[PDB]
Amino acid sequence: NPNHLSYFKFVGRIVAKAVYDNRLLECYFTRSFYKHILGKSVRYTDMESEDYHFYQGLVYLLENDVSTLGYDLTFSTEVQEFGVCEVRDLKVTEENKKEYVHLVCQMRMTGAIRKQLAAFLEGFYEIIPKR
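Residues numbered from 1 in each chain as written, not as in the entry; some residues may be left out. Part of a larger assembly, values for the part shown. Heavy atoms only, no water.

- The name that the PDB entry assigns to the chain is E3 ubiquitin-protein ligase HUWE1, with the source organism given as Homo sapiens.
- Readers searching the PDB will find this entry under the title "Cryo-EM structure of human HUWE1 in complex with DDIT4".

The following block contains the structure:
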């Protein structure tokens, strides 16, 4: 849909109207999307629901030495958004991997939905103040 951001802002308006009216909707959003609507970071365990084989890659990253990978990595990942695939920087090391897994999970979760999400939040905060 070429207008999709506007429709996400509309549905965000309808969600904030239901909340303002104190009326229950049959919405069942992910914990990720509620975190996005609260401005909270996601956690790597969220990838388990969104992309199991990437969570599994991170679990091979947790509790294992980088030497198990057999090739080097850096802070960059391929993301499909709107059907375009692009390699995006996240800013690897034993200190950074704590950050690599966080930012790569951000990139993989938001990259493909970052603009839909920002439109929804624009629809939401119009009616219900963020604070």
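Let's pick the thread back up.
### A word on the pairing of strand 1 (residues 76–81)
- Side chains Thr77, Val79 and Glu81 of strand 1 all project onto a buried face; the interleaved residues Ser76, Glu78 and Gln80 project onto a face where none is buried.
- In this structure, strand 1 lies alongside strand 2 (residues 84–89), joined through 6 bridges in antiparallel fashion. Opposite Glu81, over in strand 2, you have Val84 as the bridge partner. (Buried < 20%, exposed > 50% of the residue type's maximum accessible area, 1.4 Å probe, protein only. Helix = DSSP H or I, 4+ residues; strand = E, 2+ residues; numbered from the N terminus. Pairing = 2+ DSSP bridges.)

### Quick look at the nonpolar core
- Judged by nonpolar contacts, the single largest core of 15 residues is most densely connected at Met47, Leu58, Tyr100, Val104 and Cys105.
- No other element matches the 6 residues that helix 5 (residues 97–110) contributes to this core.
- Ignoring sequence-local partners within four residues, the contact set of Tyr100 consists of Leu61, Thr74, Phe75, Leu90 and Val92.
- If you look at the next biggest cluster of nonpolar residues, it comprises 9 residues, including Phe33, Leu117, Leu121 and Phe124. (Core = buried A, V, L, I, M, F, W, Y, C linked by side-chain atoms within 4.5 Å. Contact = heavy atoms within 4.5 Å.)

### Description of helix 1 (residues 4–21)
- With 18 residues, helix 1 should cover 26 Å at 1.5 Å per step; its first-to-last C-alpha distance of 25 Å lies within 8% of that length.
- Taken together, the buried positions of helix 1 are occupied by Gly12, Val15, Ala16 and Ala18. Taken end-on, helix 1 shows its buried residues confined to a sector of 155°, consistent with a single buried face. In helix 1, the exposed residues that point more than 90 degrees away from the buried face are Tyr7 and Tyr20.
- Elements that come into contact with the buried residues of helix 1 comprise helix 6 (114–125).
- Of the residues one or two after helix 1, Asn22 is the one with positive phi, at around 55°. (Expected span 1.5 Å × (residues − 1). Arc of directions from axis to C-beta.)

### Describing the side chain of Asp51
- In this structure, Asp51 sits in the loop between helix 3 (47–50) and helix 4 (52–61).
- The exposure class assigned to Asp51 is buried, which follows from its relative accessible area of 16%.
- Within the structure, the side chain of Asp51 is placed 3.1 Å from the side chain of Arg108, a separation counted as a polar contact. (Polar contact = N/O pair within 3.5 Å; in protein donor to acceptor, adjacent residues only side chain to side chain.)

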